[PDB]
Amino acid sequence: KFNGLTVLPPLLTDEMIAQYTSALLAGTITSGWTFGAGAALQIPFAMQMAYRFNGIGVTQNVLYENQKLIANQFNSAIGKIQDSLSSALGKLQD
Amino acid sequence: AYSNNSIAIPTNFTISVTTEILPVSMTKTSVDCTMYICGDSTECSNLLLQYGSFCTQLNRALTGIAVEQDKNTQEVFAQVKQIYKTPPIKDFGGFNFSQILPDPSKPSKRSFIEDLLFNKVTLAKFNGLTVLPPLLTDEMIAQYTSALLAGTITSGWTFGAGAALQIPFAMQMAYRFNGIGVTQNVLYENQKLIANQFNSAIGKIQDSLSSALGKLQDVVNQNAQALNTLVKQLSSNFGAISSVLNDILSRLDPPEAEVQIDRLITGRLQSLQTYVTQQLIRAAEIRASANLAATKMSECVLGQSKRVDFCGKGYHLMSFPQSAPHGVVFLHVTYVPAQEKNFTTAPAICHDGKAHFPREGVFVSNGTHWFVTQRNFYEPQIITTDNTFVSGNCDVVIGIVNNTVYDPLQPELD
Amino acid sequence: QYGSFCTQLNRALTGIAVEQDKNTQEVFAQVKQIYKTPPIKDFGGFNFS
Amino acid sequence: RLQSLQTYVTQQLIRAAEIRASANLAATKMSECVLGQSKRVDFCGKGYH
Amino acid sequence: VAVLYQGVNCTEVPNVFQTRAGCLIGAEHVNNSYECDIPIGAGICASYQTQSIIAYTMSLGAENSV
Ligand SMILES: *[C@@H]1O[C@H](CO)[C@@H](O[C@@H]2O[C@H](CO)[C@@H](O)[C@H](O)[C@H]2NC(C)=O)[C@H](O)[C@H]1NC(C)=O
Ligand SMILES: *[C@@H]1O[C@H](CO)[C@@H](O[C@@H]2O[C@H](CO)[C@@H](O)[C@H](O)[C@H]2NC(C)=O)[C@H](O)[C@H]1NC(C)=O
Ligand SMILES: *[C@@H]1O[C@H](CO)[C@@H](O[C@@H]2O[C@H](CO)[C@@H](O)[C@H](O)[C@H]2NC(C)=O)[C@H](O)[C@H]1NC(C)=O
Ligand SMILES: *[C@@H]1O[C@H](CO)[C@@H](O)[C@H](O)[C@H]1NC(C)=O
Ligand SMILES: *[C@@H]1O[C@H](CO)[C@@H](O)[C@H](O)[C@H]1NC(C)=O
Ligand SMILES: *[C@@H]1O[C@H](CO)[C@@H](O)[C@H](O)[C@H]1NC(C)=O
Ligand SMILES: *[C@@H]1O[C@H](CO)[C@@H](O)[C@H](O)[C@H]1NC(C)=O
Ligand SMILES: *[C@@H]1O[C@H](CO)[C@@H](O)[C@H](O)[C@H]1NC(C)=O
Ligand SMILES: *[C@@H]1O[C@H](CO)[C@@H](O)[C@H](O)[C@H]1NC(C)=O
């Protein structure tokens, strides 16, 4: 900063980016994809997951008859991510 | 308002047309090393002759950029080999493409909107700095765009895979709706409305354009700025007594003139190299943009696209290309749900100990009954054995309700 | 008297500067409504704590 | 010192172009994986998405 | 071979055919239109199809009416 070498602030403060990400998460969990085409339409979460399964060629009753298992799987996976991160970020470091 | 037994279905749909702009190429230039650096003097050329082969190296680089420009234009536009023509009969079920078809009256076979785009970039040789003509004249590009439009309107996508197959326009639109999960009868029972919507939207585009083209303007501005700097840089001393080689041909003898001629040579080499480098970087950027534009051309226009936010906001229906000075313009026709209503839902219905699920719709209840409807458009229908399918017993599903399924066989058995 | 190299340099650097803001804007600003989640947390057993 | 400045500026321009490419790709992932379900293999992780 | 003087008016001379690309010398001008073999410029191509060199106008492709 003492040779005519200045750094400048970005336009968006980090809180603003945090707000944007929070908005995206809210949109996906409460409205599926339907907020990305028009007005935000609500729909429960079980049927959103059912539709997402149907979109890869696995019928709906497969999801329905096993919901408790998918829930436990998802919780354990996210916990393992939370652990693994607190150990990895070379791409952002370079 | 998220509640675990509530959904919100649309009722009405709205068409829309949105523009998009892309740059495809720049203006090709070629420069003379000897004329820029030395003017015309013999002595300067003789002194440069021993610096190296930098001149030749520069010329090779510039010609490389030159040929990539033609390849970019060829790639973005020359995707059809048959130059189709539209029939004189204009009956497309109420649609009206007067604006973006060729009008055979103007000398340049450009459509109305092409002409409007043309008159918005007004653009804002005596030193060895030459510009060169592109390979394709604008009429040729106009012909290519007209051919693409004819292909899409009269043959759907089927001309982009093989021989051009004709098919009316109403059923092409019906197929395009079916491809986003809205049944055909939705289109059919409302054709006059889609037609009016489309006409109004295209009219609004025609108005809005005649008001916007920053992306296509910045290229021209950057080009002109670079050339003006490269030319204005000829009037500095770089550490000599004067900045004219004719001011040094006189008033001096060779021995003590050559040092100042040396300093001028050094300055002008350094300026040329900076110009060439920045040009190379810019050309690479335009190359990236032109690859993306060709991809849009080949996915949105040739067929229907399905990857979100690639051919405009909203579900995608079709597109139309148009030209512009050193660039391309897209008009994406797309679809949007309008008027929502809240309904109560349930995953499955247990008629008699059997869990019935919907084949492709979802169960809705206005409070007094149960119907099953498609996902994107409210259209009630009665539960039957021809409309659902069974699995297991109604004991594991977290959400289940009690209703009877019609099963249209028993009454008919009499 | 060397030339206008300084000005040329400054123009280049500011060009990079403005592209940076455009990149961030493009990657994140894709939603215009800032939705909020409801206080009720019942998603069929899933847990986004 | 002129020569040093020019080298710095050039390398910065090339790096900025590279980051520009990466940011376009990131925006595409944002708009295809998150906004809707994706179906093109190996674009939003290994396995069906 | 054929020679091309870019940027110069054909009338000024340092078989002549004036193209927007520049005075072209040594080749013949025809009335047909085939695929483009090699690019001269400004919508004009040339080839050794017929033996001397010819310079013609490129044609985009065959025509049909669905
Ligand atoms: C869907 O929305 C359109 C847009 O308003 C409705 O079309 C209008 O309908 C009213 C009453 O029928 C007419 O007075 C208007 O002239 C129509 N609009 C235009 C531009 O002509 C349409 O009615 C809506 N759908 C339903 C089922 O009501
Ligand atoms: C939910 O929809 C059904 C079907 O339209 C409505 O039931 C009809 O109501 C009208 C008016 O009272 C009667 O003339 C019909 O005979 C009824 N048909 C059936 C099959 O019941 C019902 O009223 C609607 N409920 C609400 C709350 O709007
Ligand atoms: C749907 O109807 C069945 C048939 O009656 C219900 O099953 C019985 O519901 C009562 C409710 O108090 C229980 O006491 C019985 O044990 C249930 N089983 C049998 C065999 O009768 C079922 O609960 C109904 N579903 C509802 C109301 O959501
Ligand atoms: C189509 O739009 C043009 C432009 O307003 C109009 O002149 C014409 O009557 C419309 N209908 C048809 C069938 O061309
Ligand atoms: C449905 O009704 C609820 C009543 O609280 C209201 O908040 C919601 O906006 C309504 N939604 C629709 C789509 O009508
Ligand atoms: C839905 O939520 C309500 C709480 O308002 C609860 O009473 C009901 O049991 C829930 N139903 C399901 C299927 O989770
Ligand atoms: C979700 O996970 C958090 C973190 O372990 C835990 O505190 C909480 O009890 C879990 N369940 C719910 C419903 O939040
Ligand atoms: C070439 O010169 C003739 C007169 O000799 C003139 O009529 C013609 O317009 C000129 N063409 C060009 C391109 O300069
Ligand atoms: C080419 O066409 C022009 C005008 O149409 C005519 O004067 C000339 O004789 C023609 N040449 C040949 C070889 O057909």
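What order do you get for C:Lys32, B:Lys81, D:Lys29 when you list them from fewest to most C-beta neighbours inside 10 Å? Let's see the in-between values first.
Numbers: C:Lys32 6, B:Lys81 9, D:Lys29 13.
Going from least to most buried by this count: C:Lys32, B:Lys81, D:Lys29.
State whether the range E:3-66 is rounded, prolate or oblate according to the following rule on the C-alpha gyration tensor (a ≥ b ≥ c being the square roots of its eigenvalues): a/c under 1.5 gives rounded; otherwise a/b larger than b/c gives prolate, and the remaining case gives oblate.
Working: a/c = 2.84, a/b = 1.89, b/c = 1.50.
Prolate, because a/c is 1.5 or more and a/b exceeds b/c.
Below 16 Å, Cα to Cα, which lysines can A:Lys80 reach? Residues fewer than 8 away in the same chain don't count.
Partners found: none.
Using 7 Å Cα-to-Cβ label points, what is the B:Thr385/B:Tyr406 separation (nm, one decimal)?
Taking the two extended label points, one gets 1.5 nm.
Among C:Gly44, C:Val27, C:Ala17, which residue has its Cα positioned farthest towards the positive end of the charge dipole of chain C, with +1 placed on the Cβ of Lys and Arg, -1 on the Cβ of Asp and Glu, and the dipole taken about the Cα centre?
Farthest towards the positive end: C:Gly44.
Among the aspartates and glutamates, select those whose C-alpha is under 15 Å from the C-alpha of A:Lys91, and discard any that sit fewer than 8 residues away in the same chain.
D:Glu18
When the dipole is taken about the Cα centre of the protein assembly as shown, and only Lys, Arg (+1) and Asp, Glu (-1) are charged at their Cβ, what size is it in debye, to the nearest 20? Working shown, then result.
Details: 47 positive and 50 negative charges, 172 e Å.
Roughly 820 debye, rounded to the nearest 20.
Can you tell me how the protein assembly as shown classifies by the Cα gyration tensor, rounded, prolate or oblate, using a/c under 1.5 as the rounded cut? Provide the component values of the computation, followed by the final result.
Working: a/c = 3.18, a/b = 1.71, b/c = 1.85.
Cα axes put the protein assembly as shown in the oblate bin.
Averaged over B:114-120, how many beta carbons belonging to a partner chain fall within 10 Å of each residue's beta carbon?
Values: counts 0, 0, 0, 0, 0, 0, 0.
Whole-number average of other-chain Cβ neighbours for B:114-120 is 0.
Say each of A:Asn72 and B:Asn196 gets a label point 7 Å from the Cα, pointing the same way as Cα to Cβ; how far apart are those two points in nm?
5.9
Could you give the nm distance between label points at B:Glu258 and B:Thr34, where each point is 7 Å from its Cα heading toward the beta carbon?
2.1
When Cβ neighbours within 10 Å are restricted to other protein chains, what is their mean count per residue of peptide E:39-46?
4
Using the Cβ atoms and a cut-off under 14 Å, what net charge is assigned to the surroundings of B:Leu216, where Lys and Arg are +1 and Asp and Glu are -1? List each step's numbers first, then the result.
Values: positive: B:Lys120, B:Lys215; negative: B:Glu20, B:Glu114, B:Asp218.
So the surrounding residues net to -1.
Could you work out the helix-only [θ] at 222 nm for the protein assembly as shown, with each DSSP H run of four or more residues adding -39,500 (n - 2.57) and the total divided by the number of residues, to the nearest 500 deg cm²/dmol?
Working: 18 runs with 270 residues, N = 672.
So the helix-based figure for the protein assembly as shown works out to -13000 deg cm²/dmol.
Which FRET efficiency value, to the nearest 0.05, do you get for B:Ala288 and B:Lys341 by plugging their Cβ-Cβ distance into 1/(1 + (r/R0)^6) with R0 = 56 Å?
Values: r = 45 Å, r/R0 = 0.81.
After rounding to 0.05, the efficiency reads 0.80.
Average partner chain C-beta neighbours within 10 Å, per residue of B:339-352?
Values: counts 1, 5, 0, 2, 0, 0, 3, 1, 8, 3, 0, 0, 0, 0.
Rounded to a whole number, the mean comes out at 2.
So if I place +1 on the C-beta of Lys and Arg and -1 on the C-beta of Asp and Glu, and nothing else carries charge, what would the dipole magnitude of the range B:1-109 be about its Cα centre? I want it in debye, nearest 20.
500
Measure out, as a whole number of angstrom, how far apart the alpha-carbon centroids of the range B:206-250 and the range B:134-167 sit.
39
Among the listed pairs B:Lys71/B:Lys215; B:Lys81/B:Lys120; B:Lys28/B:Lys125; B:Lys28/B:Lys296; B:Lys306/C:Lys41, give every one whose C-alpha distance is greater than 23 Å. Don't skip to the end; give the middle numbers.
Values: B:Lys71/B:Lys215 21 Å; B:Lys81/B:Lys120 31 Å; B:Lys28/B:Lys125 13 Å; B:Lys28/B:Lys296 25 Å; B:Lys306/C:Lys41 33 Å.
Over 23 Å Cα-Cα: B:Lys81/B:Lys120; B:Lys28/B:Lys296; B:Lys306/C:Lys41.
Sorting check: for B:151-158, B:190-197, which peptide has the highest mean count of neighbouring beta carbons within 10 Å, and how do the rest follow?
Working: B:151-158: 20.1, B:190-197: 15.6.
Per-residue Cβ counts within 10 Å, averaged per peptide and sorted highest first, yield B:151-158, B:190-197.
Just so you know, all these numbers are worked out from the coordinates, no wet-lab data involved. So basically every Cβ, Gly included, is an ideal-geometry build from the backbone, and we count neighbours across all protein chains shown.
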